[PDB]
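Here the Cβ positions follow ideal geometry from the backbone for every residue, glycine too, while neighbour counts run over all protein chains shown. Bear in mind that the values in this text are calculations on the coordinates, not laboratory data.
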Amino acid sequence: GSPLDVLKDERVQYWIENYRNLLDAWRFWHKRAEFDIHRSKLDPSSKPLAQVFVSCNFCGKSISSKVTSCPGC
Amino acid sequence: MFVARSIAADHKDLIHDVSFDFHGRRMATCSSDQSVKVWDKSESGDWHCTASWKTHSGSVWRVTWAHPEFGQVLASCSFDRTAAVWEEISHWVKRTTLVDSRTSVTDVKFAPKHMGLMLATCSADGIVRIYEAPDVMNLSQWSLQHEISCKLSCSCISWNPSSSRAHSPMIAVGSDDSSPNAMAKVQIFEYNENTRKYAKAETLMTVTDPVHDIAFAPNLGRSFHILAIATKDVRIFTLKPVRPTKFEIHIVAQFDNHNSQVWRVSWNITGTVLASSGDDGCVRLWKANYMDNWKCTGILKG
Amino acid sequence: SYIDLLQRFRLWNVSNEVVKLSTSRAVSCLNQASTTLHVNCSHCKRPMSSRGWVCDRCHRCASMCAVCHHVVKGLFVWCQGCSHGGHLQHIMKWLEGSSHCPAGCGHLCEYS
Ligand SMILES: [Zn+2]
Ligand SMILES: [Zn+2]
Ligand SMILES: [Zn+2]
Ligand SMILES: [Zn+2]
Ligand SMILES: [Zn+2]
């Protein structure tokens with residue numbers, strides 16, 4: 001319930017990362033996934049993991065109204 | 001509260017050092033006859049072997065692992081003035097050698113993951129070298145980055161595992177010279193971002209006897225640091241920064257339960273229990289009590 | 001004619017094995033009409049090379065399993081709504097017992 005002013009401390013966000021690393025050391029991966037699902041709801045200031053994504057070959061602009069057609073091309 | 005058991009492993013010659021991986025499922029044991037082994041484990045709970053090879057031209061002293069997010073890298077240092085880097089293709093291959101030394105090499109350690117893939121190596125002449133790999137694609141390309149002189153024979157190094165945004169990278173190195181003259185034995189350095197170099201931070205002048213090992217403690221979000229010293233008596237310090245950076249230094253442990261010379265120090269994952277192996281053939285574990293006082297919590301005999 | 005008959009009965013694992021081994025040039029080349037993908041990095045929005053897994057600008061592993069948090073060298077399942085994914089079987093096992101994206105972005109990745 002704590003407001004966004006308390007969660008923005010650079011000390012609260014170190015404990016969470018340490019806990020996540022501890023969980024990953026024991027390979028409790030689904031537990032970590034559930035914890036992440038809970039956290040991303042309890043505060044909106046965090047950011048989910050950034051990964052790869054695919055592109056339109058001619059367009060170039062990030063595919064993400066025929067369902068087999070580029071969104072812009 | 002601690003019991004003992006014997007692991008089902010067969011070795012031809014005497015062992016020198018043993019290390020674990022990140023998850024605790026692999027292993028590496030350097031031996032007396034210049035042979036290292038890999039000891040993998042199964043769901044049932046038994047250790048099998050996977051590899052064995054001969055590496056150097058002299059006795060091998062220490063081996064260590066590296067973080068899994070880079071590969072399956074190892075690291076070994078010998079008396080032949082070299083330190084090698086291995087990988088996994090089910091047969092391990094050599095990928096780089098570090099020949100830039102001019103005397104016996106005594107320690108090799110891997111930097112924390114939060115700063116890339118680096119390496120630290122000290123020699124008996126009194127010098128440490130910090131290596132790096134510009135790309136994580138080619139493990140045959142390494143470059144020498146930093147050079148630090150200590151003016152004393154080197155015996156052990158240790159990194160600071162902290163990964164905060166308000167802690168500069170720091171290292172610690174100890175000496176073991178048995179000279180009659182009294183002088184400092186443990187030194188601490190730190191890296192200054194503004195000038196991009198390593199400078200002296202503090203010298204623990206309270207120690208004059210030879211030091212045989214040094215280990216830091218996983219920070220786990222604490223407001224200070226913890227250090228352990230391996231000498232004629234086990235000592236535990238506490239380095240706290242005051243807003244190079246000035247430090248406040250204390251003492252919280254002066255155990256003498258060995259009547260001998262301690263030889264190895266190592267912490268656990270959280271940073272609350274300590275392991276000390278001495279010259280009496282027994283391993284003793286220490287842990288802080290409920291009133292922030294360090295009290296022995298088990299004797300194990302070999 | 002054989003390939004058409006096989007495709008009618010929905011036996012792809014043999015239809016494509018014929019294409020892999022057939023002695024004719026046209027039928028062999030029939031396999032490689034727009035079967036290559038281009039994947040870039042979401043942090044920097046720049047295309048990646050052909051035989052690598054690390055971004056050349058950000059210098060970070062862009063292909064990380066959202067579940068196992070390791071490096072994905074082989075096959076990589078991907079989702080078109082929130083751009084999250086990872087190992088094939090890890091994601092398949094996860095979605096059997098839940099309906100939320102493993103990365104934790106509030107996306108029902110199957111429309112329930
Ligand atoms: Zn397009
Ligand atoms: Zn990028
Ligand atoms: Zn995975
Ligand atoms: Zn998602
Ligand atoms: Zn999705």
For n ≥ 4 DSSP H runs only, could you compute -39500 (n - 2.57) per run for chain A, divide by its residues and tell me the 222 nm figure to the nearest 500? -13000 deg cm²/dmol
Please give the helix C:88-97 orientation as an angle from the longest Cα principal axis of chain C, in degrees from 0 to 90, rounded to the nearest 10. 70 degrees
HN-Hα J couplings of the stretch B:40-49 from phi, Karplus 6.51/-1.76/1.60, θ = phi - 60°, integer Hz, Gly and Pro as x? 8, 10, 10, 5, 5, x, 10, 9, 10, 10
Once amide hydrogens are built 1.01 Å from N within the peptide plane, the residues lying 5 or more places from B:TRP294 or on another chain with amide H under 5 Å from its amide H are B:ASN289
What is the ratio of the Cα radius of gyration of chain B to 2.2 N^0.38 Å, with N the residue count, to two decimals? 1.00
Run down the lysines and flag those whose C-alpha is under 30 Å from the C-alpha of B:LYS185, throwing out any fewer than 8 positions away in its chain. B:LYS109, B:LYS113, B:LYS151, B:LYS197, B:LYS200, B:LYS232, B:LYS240, B:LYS246, B:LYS287, B:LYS295
To test your reading of the geometry: what angle, between 0 and 90 degrees and rounded to tens, separates the Cα axis of helix C:12-21 from the longest principal axis of chain C? 70 degrees
Relative contact order, percent, the stretch B:115-218 [alpha-carbon distance under 8 Å, six or more residues apart]: 22 percent
Filter the GluC sites (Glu not before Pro) in the stretch B:120-214 to those in DSSP coil with at most 12 other Cβ atoms within 10 Å of their Cβ, and list the result. B:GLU193
From DSSP H assignment alone, runs of 4+ in chain C each adding -39500 (n - 2.57), the sum over residues rounded to the nearest 500 puts [θ] at 222 nm at -7500 deg cm²/dmol
Out of all Cα-Cα pairs in the stretch B:37-112, roughly what percent, to the nearest whole number, are more than 20 Å apart? 37 percent
Would you mind checking which residues have amide H under 5 Å from B:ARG264's amide H? H placed 1.01 Å from N; only 5 or more apart, or other chain. B:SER277
Apply the Karplus parameterisation 6.51 cos²θ - 1.76 cosθ + 1.60, with θ equal to phi minus 60°, to every residue of the stretch B:151-157 and state each ³J(HN,Hα) to the nearest whole Hz, in sequence, with x for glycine and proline. 6, 9, 4, 9, 9, 7, 9
Could you give the Stokes-Einstein D for chain A in µm² per second, using the C-alpha Kirkwood radius, 25 °C, 0.890 mPa s? 157 µm²/s
Classify the stretch B:149-292: rounded, prolate or oblate, from the alpha-carbon gyration tensor (a ≥ b ≥ c, eigenvalue square roots; a/c under 1.5 rounded; otherwise prolate if a/b is larger than b/c)? oblate
DSSP-assigned coil residues among trypsin sites (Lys or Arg not before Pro) in the stretch B:246-302, each with at most 14 further Cβ atoms within 10 Å: B:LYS246
Residues with amide H under 5 Å of B:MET27's amide H, sequence separation 5 or more or different chain, H placed in the peptide plane at 1.01 Å from N; which? B:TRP39
Tell me, what is the percent relative contact order of chain C, built from C-alpha pairs under 8 Å that lie six or more residues apart? 11 percent
Once you order the gyration tensor axes a ≥ b ≥ c over the Cα atoms, which shape class does the stretch B:80-192 get: rounded for a/c under 1.5, otherwise prolate or oblate by comparing a/b with b/c? oblate
Looking only at Cβ-Cβ distances, which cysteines of chain B have no other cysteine closer than 4.7 Å? B:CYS30, B:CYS49, B:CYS77, B:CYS150, B:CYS156, B:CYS282, B:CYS296
Enter the per residue convex hull volume of the protein assembly as shown, computed from alpha-carbon coordinates, in Å³ rounded to the nearest integer. 236 Å³
Report the per residue volume, in Å³, of the convex hull enclosing the C-alpha atoms of chain C. 158 Å³
